[PDB]
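*Asks:* Questions regarding the structure given below will be posed in turn.
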Amino acid sequence: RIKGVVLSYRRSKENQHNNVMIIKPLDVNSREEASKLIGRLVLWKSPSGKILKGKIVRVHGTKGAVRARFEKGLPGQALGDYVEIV
Amino acid sequence: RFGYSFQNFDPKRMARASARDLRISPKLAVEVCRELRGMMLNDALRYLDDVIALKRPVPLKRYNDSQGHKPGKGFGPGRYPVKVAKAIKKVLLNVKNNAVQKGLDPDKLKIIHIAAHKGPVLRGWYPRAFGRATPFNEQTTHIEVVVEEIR
Amino acid sequence: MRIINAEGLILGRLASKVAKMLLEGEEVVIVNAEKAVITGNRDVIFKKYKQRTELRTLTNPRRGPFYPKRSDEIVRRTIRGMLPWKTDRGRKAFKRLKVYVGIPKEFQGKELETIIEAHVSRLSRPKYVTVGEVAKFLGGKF
Amino acid sequence: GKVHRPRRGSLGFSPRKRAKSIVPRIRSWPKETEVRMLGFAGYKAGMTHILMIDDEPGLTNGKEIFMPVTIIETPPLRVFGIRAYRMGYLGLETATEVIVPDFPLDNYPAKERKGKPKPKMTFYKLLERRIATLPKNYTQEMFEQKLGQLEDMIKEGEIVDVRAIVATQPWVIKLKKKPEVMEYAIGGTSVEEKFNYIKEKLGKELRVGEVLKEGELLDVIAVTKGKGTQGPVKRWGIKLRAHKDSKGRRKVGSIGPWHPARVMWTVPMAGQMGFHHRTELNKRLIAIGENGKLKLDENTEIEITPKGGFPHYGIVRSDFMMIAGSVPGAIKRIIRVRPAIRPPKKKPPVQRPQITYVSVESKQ
RNA sequence: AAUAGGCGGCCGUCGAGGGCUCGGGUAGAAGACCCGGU
RNA sequence: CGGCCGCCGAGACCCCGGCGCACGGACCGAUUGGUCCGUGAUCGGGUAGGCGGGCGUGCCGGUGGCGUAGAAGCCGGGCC
RNA sequence: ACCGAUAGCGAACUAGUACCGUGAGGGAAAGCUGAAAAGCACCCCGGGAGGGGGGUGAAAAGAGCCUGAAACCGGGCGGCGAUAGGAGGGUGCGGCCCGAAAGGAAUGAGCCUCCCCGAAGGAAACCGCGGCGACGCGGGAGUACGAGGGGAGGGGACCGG
């Protein structure tokens with residue numbers, strides 16, 4: 001089970017997509033290492049204890065970031081928060 | 001006006017009174033009721049006596065334009081609505097009597113609900129310059145109160 | 001928390017990474033703010049900072065740009081310039097920053113980090129002026 | 001520009017607000033080598049005039065001239081505290097302070113009113129009128145132990161400065177009972193010597209004669225007289241509007257141009273006038289008296305108090321200073337004096353001048 | 001002064017310290033401020 | 001300044017499901033209507049303006065009904 | 001097949017009335033208790049107006065009287081609330097709160113676990129080679145994954161709003 005940080009939404013300069021989030025896992029710093037996490041689940045724990053579940057589907061950039069698709073989008077208070085992979 | 005805005009009135013433990021079409025300021029009535037809310041009946045009566053005697057200002061929180069402050073902490077705008085105090089004191093005496101008649105100890109009566117409303121307006125006119133007649137009206141006030149014997 | 005020794009680091013290249021970290025959610029403390037360097041000409045750098053200090057609101061001085069003149073405040077404002085200062089997220093990020101000059105008595109014996117991407121060894125020539133000299137010219141305490 | 005004139009009033013004294021405290025504060029201190037307390041406090045008594053042989057440089061040197069003087073009464077100060085300052089990140093910080101324990105008061109002017117004996121005052125009873133929460137069960141042993149700790153810190157070297165906390169004694173002159181507490185810096189270049197000076201003077205009385213030198217310059221700090229709300233004509237000295245003006249004459253004409261679309265902070269306006277914190281520099285100390293008397297030629301001594309007493313003030317009974325000129329404040333105001341922080345290159349000699357006449361006629 | 005400060009003392013986990021009320025102005029448009037109160 | 005190598009980025013382009021429209025075809029309903037199938041890369045923004053269908057209100061001729069075991073009206077809420 | 005009290009004649013009523021202008025002349029507003037007044041007897045308080053008990057009535061519908069909306073004002077309740085900037089809204093979700101009915105649901109909700117197919121699209125580990133370099137090429141492989149479409153088990157009250 002891996003640990004990660006929420007970076008931002010998938011976005012253009014002025015356009016935002018609320019169903020996809022950029023995640024930076026702790027000790028993954030390349031496409032080669034990030035590609036091993038595709039298909040795994042990502043869990044975000046709400047302050048009240050509710051769990052929001054997404055899945056890793058693609059790698060983002062080349063510095064080890066990944067893209068996560070959430071059926072229920074994160075609330076935006078999760079920006080800079082810490083998520084748990086599997 | 002006859003009805004009260006209290007929901008769960010209990011005739012066994014509570015007493016109520018009201019006054020209608022009072023010719024006082026509804027704004028100052030609201031301000032005085034805000035302060036009287038939640039106090040014991042004796043404390044409220046002494047409060048009104050002090051206000052009438054000018055020994056104790058009533059703070060203003062909603063209608064306080066161009067009002068000077070008063071000595072001491074918490075002031076802030078304040079004034080002395082003598083007429084409102086007198087009318088509300090009469091209403092409080094009436095509710096005290098109602099409770100006593102029902103058989104409730106007057107020393108344990110707490111003002112659980114007190115409210116003021118704007119009633120009918122009596123229209124009038126005053127003459128002004130350039131042949132213009134202008135409104136000159138009186139705004140009446142309704143007062144409702146219900147007290148409970150606490151334990 | 002992470003402590004950075006700003007001795008011999010480019011001001012802008014240090015501030016960029018520090019602001020990125022503050023956004024990512026790390027506590028950052030810059031310990032040697034006065035020893036950061038700014039590349040260019042001494043006279044033009046001093047003139048630019050003097051003009052920044054001279055900026056003010058004509059109608060009321062109590063509202064005009066309070067641009068800094070101390071070393072620590074200069075570094076703090078340089079970092080603040082690279083954050084969404086008008087957003088709650090940016091304000092929270094900026095609140096996670098502390099900047100000091102010299103190593104205070106509470107930070108001795110700790111591991112002082114360094115920014116490799118902002119070291120002065122990159123520069124072809126050492127034609128730079130220190131934030132301490134800039135503050136001294138402006139008339140700050142230190 | 002067509003016609004040009006200097007601005008009305010000074011922007012260097014803004015905001016023109018009421019003083020923060022009626023007790024004046026001193027932000028800066030003179031740099032001196034002599035180990036002495038830098039300043040003194042007193043109460044304004046009044047004004048008179050003298051005739052003396054001038055000694056400072058000028059055309060009127062060696063000639064008899066008229067000079068007004070302000071007499072301010074200065075009962076001795078009680079040195080009751082010592083405070084130590086270390087260096088902080090942004091400035092000086094208070095490391096610690098220590099005050100002497102309660103002692104009997106031997107200068108309270110008690111009168112045997114019928115019934116009950118004399119009250120038998122003591123310190124910490126006049127002081128509670130100002131502090132209101134003083135140490136309980138405070139003893140000489142713990143006081144000495146605290147003083148020793150302070151000295152130990154001084155030896156270690158974390159103390160960069162030391163100051164003396166003193167209190168006035170209005171009850172001596174029967175002006176009032178509530179004292180006033182201040183702290184004064186000490187001259188010298190060694191914190192240990194300054195601390196030893198303060199320690200030697202702890203709990204004792206200090207007089208003007210032991211600190212100030214006759215004939216030297218001083219700076220006077222006080223709170224000016226209150227005038228209340230005043231219009232711009234009196235507050236900033238603007239010009240009256242033309243006599244044909246039908247919307248008033250004692251007001252500013254235009255309060256700004258179209259752009260900027262706001263009223264600038266530099267436009268004269270009405271507001272508080274007087275009761276401001278002010279400092280006047282280079283006031284000469286003419287003479288220091290004792291017990292309400294002034295010694296002129298070692299053979300005749302005259303009572304400074306004019307016939308009928310000072311207007312709005314009582315009779316001078318304690319030590320007093322005769323300052324040359326005017327000082328800010330009202331009668332009975334607390335006024336502080338410090339050695340001149342900015343004296344001229346050429347200054348009068350440090351000694352009492354030759355006084356030929358002192359005005360003691362009725363001033364009311 | 002959002003890094004929203006330092007220090008000595010007093011109290012709390014009945015109670016220090018205050019406000020109104022009283023006699024007056026070193027003050028004052030209301031507030032505020034200062035001295036006195038056996 | 002002369003070139004190169006990765007990545008990010010639209011309602012554009014590709015794919016899946018759904019709606020309507022245009023044209024042609026087969027069925028049922030006693031007036032303008034209904035169901036289904038086929039083709040559309042060569043259909044789907046829109047001001048002035050042109051055309052088609054539908055929603056809602058008062059009264060009349062018919063038809064089928066509801067209501068003091070509670071009509072119209074009014075405040076809040078569920079579903080299409 | 002006219003309107004239904006701002007409509008219909010200006011006037012559903014003490015209406016060509018009240019009222020405006022010296023005059024010729026101009027000209028409103030305003031319908032409804034209940035089947036029956038049975039229109040509140042008596043008691044406490046208040047100077048009185050009224051208030052509170054207690055009665056009448058299927059229902060106060062209480063004469064300020066059928067129904068009683070909106071704007072506005074007072075109180076109670078749920079959420080926010082004194083370092084924060086945009087025409088007061090849009091997309092997505094997270095706190096706190098309400099959730100009987102009309103929506104789904106013990107003939108089983110949120111949720112957890114397991115198996116199969118899968119469009120457009122689509123990695124990496126590992127190994128060999130090319131380029132000064134960022135990197136790329138061939139095998140891995142059209143594999144892992146993928147919108148959506150199906151099946152099985154566990155738990156037992158929430159999902160929609």
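Here, A, B, ... name the chains of the structure tokens in the order displayed, residue numbers run from 1 inside each chain, and ligands are numbered from 1 in the same displayed order.
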For the structure I just gave you, how does DSSP split chain A - specifically, which residues are helix (DSSP H, G or I)? Reply as a list in words.

*Replies:* residues 31, 32, 33, 34, 35, 36 and 37 of chain A

*Asks:* So which residues touch stretch 6-16 of chain B within 10 Å, counting only C-alpha atoms (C1' of nucleotides), skipping near sequence neighbours fewer than 3 positions away, as a ChimeraX atom specification?

*Replies:* /B:3,91-92,94-104,109-115,144-150 /G:51-52,75-76

*Asks:* Taking only C-alpha atoms into account, what are the residues of chain A at most 9 Å from chain C, put as a tab-separated table (two decimals) with N, CA, C and O atoms, in the first residue's frame?

*Replies:*
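Printed below is iface-v2.tsv as written:
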chain	number	residue	atom	x	y	z
A	5	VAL	N	0.20	12.26	-2.62
A	5	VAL	CA	-0.27	13.62	-2.39
A	5	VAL	C	-1.07	14.08	-3.59
A	5	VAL	O	-0.71	13.80	-4.74
A	6	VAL	N	-2.16	14.80	-3.34
A	6	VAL	CA	-2.97	15.37	-4.42
A	6	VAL	C	-2.31	16.66	-4.90
A	6	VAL	O	-2.00	17.55	-4.09
A	7	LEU	N	-2.09	16.77	-6.21
A	7	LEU	CA	-1.47	17.96	-6.78
A	7	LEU	C	-2.51	18.97	-7.24
A	7	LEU	O	-2.50	20.12	-6.80
A	79	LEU	N	-7.08	19.31	-2.31
A	79	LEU	CA	-5.87	19.81	-2.94
A	79	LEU	C	-4.78	19.97	-1.89
A	79	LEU	O	-4.97	20.66	-0.89
A	80	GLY	N	-3.64	19.33	-2.13
A	80	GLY	CA	-2.58	19.30	-1.15
A	80	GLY	C	-2.79	18.32	-0.02
A	80	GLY	O	-1.91	18.21	0.84
A	81	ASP	N	-3.91	17.60	0.00
A	81	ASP	CA	-4.13	16.56	0.99
A	81	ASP	C	-3.40	15.28	0.57
A	81	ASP	O	-2.77	15.20	-0.49

*Asks:* What parts of chain A does DSSP call strand (DSSP E)? I'd like the answer as a ChimeraX atom specification.

*Replies:* /A:2-11,16-25,41-45,51-60,65-70,82-85

*Asks:* Determine the nearest neighbour of chain E from the options B:59, B:26, B:74, B:68, counting only C-alpha atoms (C1' of nucleotides).

*Replies:*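 The shortest atom-to-atom distance to chain E comes from B:68.
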
*Asks:* Smallest atom-to-atom distance to residue A:44: which of A:18, A:32, A:23, A:66, using only C-alpha atoms?

*Replies:*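 Smallest separation from residue A:44 among the options: A:23.
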
*Asks:* Give me, as a ChimeraX atom specification, all polymer residues having an atom no more than 7 Å from stretch 314-328 of chain D, counting only C-alpha atoms (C1' of nucleotides) and skipping those fewer than 4 positions away in the same chain.

*Replies:* /D:68-75,173,220,222-224,283-292,305,309-310

*Asks:* Which polymer residues have any atom within 10 Å of an atom of residue B:1, counting only C-alpha atoms (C1' of nucleotides), with same-chain residues fewer than 6 positions away left out, as a list in words?

*Replies:*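 Close residues of residue B:1: residues 18, 19, 20, 21, 117, 119, 120, 142 and 143 of chain B; 64 of chain G.
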
*Asks:* Output the contact residues of chain D with respect to chain C at a cut-off of 12 Å, based on only C-alpha atoms, as an mmCIF file with C-alpha atoms, in the first residue's frame.

*Replies:*
data_model
loop_
_atom_site.group_PDB
_atom_site.id
_atom_site.type_symbol
_atom_site.label_atom_id
_atom_site.label_comp_id
_atom_site.auth_asym_id
_atom_site.auth_seq_id
_atom_site.Cartn_x
_atom_site.Cartn_y
_atom_site.Cartn_z
ATOM 1 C CA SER D 14 0.460 63.481 12.096
ATOM 2 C CA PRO D 15 -1.876 62.009 13.197
ATOM 3 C CA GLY D 88 16.034 40.123 20.647
ATOM 4 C CA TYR D 89 15.630 39.261 16.990
ATOM 5 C CA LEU D 90 13.983 42.600 16.154
ATOM 6 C CA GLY D 91 14.999 44.737 19.133
ATOM 7 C CA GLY D 256 -9.285 68.258 -3.755
ATOM 8 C CA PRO D 257 -9.356 68.087 -7.549
ATOM 9 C CA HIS D 259 -8.624 63.291 -10.082
ATOM 10 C CA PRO D 260 -7.654 61.470 -7.876
ATOM 11 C CA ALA D 261 -11.348 60.862 -7.157
ATOM 12 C CA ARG D 262 -10.705 60.857 -3.404
ATOM 13 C CA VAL D 263 -9.969 63.270 -0.577
ATOM 14 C CA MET D 264 -6.240 63.279 0.132
ATOM 15 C CA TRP D 265 -4.925 62.856 3.669
ATOM 16 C CA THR D 266 -2.982 66.123 3.270
ATOM 17 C CA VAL D 267 -6.069 68.364 3.037
#

*Asks:* Which polymer residues have any atom within 8 Å of an atom of stretch 58-67 of chain F, counting only C-alpha atoms (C1' of nucleotides), with same-chain residues fewer than 2 positions away left out, as a PDB file with N, CA, C and O atoms (P, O5', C5', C4', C3', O3' and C1' of nucleotides), in the first residue's frame?

*Replies:*
ATOM      1  P     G F  70     -62.799  12.562   2.817  1.00  0.00           P
ATOM      2  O5'   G F  70     -63.547  13.839   2.239  1.00  0.00           O
ATOM      3  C5'   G F  70     -64.069  13.843   0.917  1.00  0.00           C
ATOM      4  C4'   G F  70     -64.352  15.246   0.454  1.00  0.00           C
ATOM      5  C3'   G F  70     -63.114  16.132   0.328  1.00  0.00           C
ATOM      6  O3'   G F  70     -63.257  17.049  -0.754  1.00  0.00           O
ATOM      7  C1'   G F  70     -64.599  17.071   1.901  1.00  0.00           C
ATOM      8  P     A F  71     -61.953  17.580  -1.529  1.00  0.00           P
ATOM      9  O5'   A F  71     -62.535  18.497  -2.691  1.00  0.00           O
ATOM     10  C5'   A F  71     -62.902  17.939  -3.941  1.00  0.00           C
ATOM     11  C4'   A F  71     -63.467  18.988  -4.863  1.00  0.00           C
ATOM     12  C3'   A F  71     -62.566  20.183  -5.136  1.00  0.00           C
ATOM     13  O3'   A F  71     -61.607  19.933  -6.147  1.00  0.00           O
ATOM     14  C1'   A F  71     -64.716  20.947  -4.551  1.00  0.00           C
TER      15        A F  71
ATOM     16  P     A G   1     -76.051  32.625 -26.556  1.00  0.00           P
ATOM     17  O5'   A G   1     -74.548  32.142 -26.341  1.00  0.00           O
ATOM     18  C5'   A G   1     -74.233  31.162 -25.365  1.00  0.00           C
ATOM     19  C4'   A G   1     -72.746  30.925 -25.254  1.00  0.00           C
ATOM     20  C3'   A G   1     -71.861  32.156 -25.178  1.00  0.00           C
ATOM     21  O3'   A G   1     -71.817  32.705 -23.873  1.00  0.00           O
ATOM     22  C1'   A G   1     -70.901  30.525 -26.630  1.00  0.00           C
TER      23        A G   1
END

*Asks:* Give me, as a list in words, all polymer residues having an atom no more than 10 Å from residue D:302, counting only C-alpha atoms (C1' of nucleotides) and skipping those fewer than 2 positions away in the same chain.

*Replies:*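 Using only C-alpha atoms (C1' of nucleotides), the neighbours found are residues 292, 293, 294, 295, 296, 300, 304, 305, 358 and 360 of chain D.
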
*Asks:* Restrict the selected residues to N, CA and C atoms and save them as an mmCIF file, in the first residue's frame.

*Replies:*
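Contents of again.cif, as written:
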data_model
loop_
_atom_site.group_PDB
_atom_site.id
_atom_site.type_symbol
_atom_site.label_atom_id
_atom_site.label_comp_id
_atom_site.auth_asym_id
_atom_site.auth_seq_id
_atom_site.Cartn_x
_atom_site.Cartn_y
_atom_site.Cartn_z
ATOM 1 N N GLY D 292 11.826 75.267 48.324
ATOM 2 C CA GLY D 292 11.081 76.441 47.919
ATOM 3 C C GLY D 292 11.826 77.748 48.034
ATOM 4 N N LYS D 293 13.142 77.713 48.220
ATOM 5 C CA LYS D 293 13.948 78.916 48.347
ATOM 6 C C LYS D 293 15.089 78.871 47.343
ATOM 7 N N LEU D 294 15.521 80.052 46.912
ATOM 8 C CA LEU D 294 16.619 80.201 45.966
ATOM 9 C C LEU D 294 17.719 81.033 46.607
ATOM 10 N N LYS D 295 18.939 80.502 46.608
ATOM 11 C CA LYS D 295 20.093 81.214 47.145
ATOM 12 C C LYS D 295 20.769 81.976 46.012
ATOM 13 N N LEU D 296 20.912 83.288 46.183
ATOM 14 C CA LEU D 296 21.426 84.162 45.136
ATOM 15 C C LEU D 296 22.887 84.541 45.344
ATOM 16 N N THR D 300 21.494 86.335 50.862
ATOM 17 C CA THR D 300 20.060 86.583 50.789
ATOM 18 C C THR D 300 19.412 85.474 49.977
ATOM 19 N N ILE D 304 10.709 81.393 45.977
ATOM 20 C CA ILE D 304 10.344 81.470 44.566
ATOM 21 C C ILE D 304 8.851 81.708 44.396
ATOM 22 N N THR D 305 8.042 81.244 45.335
ATOM 23 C CA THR D 305 6.596 81.356 45.184
ATOM 24 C C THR D 305 6.185 82.826 45.190
ATOM 25 N N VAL D 358 14.776 88.750 40.542
ATOM 26 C CA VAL D 358 13.812 87.663 40.417
ATOM 27 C C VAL D 358 12.432 88.223 40.720
ATOM 28 N N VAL D 360 8.957 88.168 42.039
ATOM 29 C CA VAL D 360 8.115 87.464 42.996
ATOM 30 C C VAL D 360 6.835 88.246 43.283
#

*Asks:* Would you list the contacts of residue A:2 as a list in words, taking every protein, DNA or RNA residue within 12 Å and counting only C-alpha atoms (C1' of nucleotides), but skipping same-chain residues closer than 3 positions in sequence?

*Replies:* residues 5, 23, 24, 25, 26, 27, 28, 34, 36, 37, 40, 41, 42, 43, 82, 83, 84, 85 and 86 of chain A

*Asks:* Between atom CA of residue D:202 and atom CA of residue D:157, what is the spacing in Å?

*Replies:*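 So the two atoms, atom CA of residue D:157 and atom CA of residue D:202, lie 22.0 Å apart.
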